[PDB]
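[1] below is the sequence, then the experimental coordinates.
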Amino acid sequence: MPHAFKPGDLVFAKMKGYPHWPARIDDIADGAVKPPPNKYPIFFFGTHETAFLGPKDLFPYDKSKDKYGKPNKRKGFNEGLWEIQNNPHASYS
């Protein structure tokens with residue numbers, strides 16, 4: 001059975017006006033800005049941007065890849081696909 005989301009989990013993350021986007025749940029660095037309550041820090045592969053999202057917007061990668069894991073015209077997207085498949089836990093600072 002599923003657990004709660006935890007740092008390191010791989011997802012497709014959905015934001016308004018964007019396709020479901022390869023992403024991960026990030027850690028919060030010591031001394032760094034925490035998310036609001038019930039929100040997770042989401043790191044988007046390819047663009048390397050962070051947003052704060054709740055579970056409604058988070059689709060587990062394994063389950064969802066056959067649907068969402070296809071090339072897209074949007075900037076950063078196909079780079080994002082490579083990252084999530086090839087080095088999803090790397091530092092992208």
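    Noted; the coordinates are in hand. Numbering: from 1, shown residues only.
[2] can we go C-alpha only for contacts and neighbour counts from here?
    Noted.
[3] name the SS class of the spatially closest residue to residue 76 that is not a sequence neighbour, please.
    Nearest residue to residue 76 in three dimensions, chain neighbours excluded: residue 46, at 4.3 Å (Cα to Cα, 6 or more residues apart in numbering). Classification of residue 46 by DSSP: H, G, I helix; E, B strand; the rest coil places it in coil.
[4] report how many residues lie close to residue 46.
    20 (other Cα atoms under 10 Å).
[5] thought it was touching residue 74?
    No: if you go by Cα atoms under 8 Å, residue 46 and residue 74 don't touch, sitting 10.1 Å apart.
[6] residue ranges for the strands of the protein, please.
    Listed in chain order, the strands of the chain (DSSP state E) span 10-13, 21-25, 40-44, 50-53, 58-60.
[7] can you give the strand pairings for the first one, parallel or anti for each?
    Listed by DSSP bridges, the sheet partners of strand 10-13 and their directions read strand 21-25 (antiparallel), strand 58-60 (antiparallel).
[8] which one of the ones you listed lies closest to residue 89?
    strand 21-25 (8.4 Å; Cα to Cα).
[9] pick the most deeply packed of the strands of the chain.
    strand 21-25 (a mean of 28; mean count of other Cα atoms under 10 Å).
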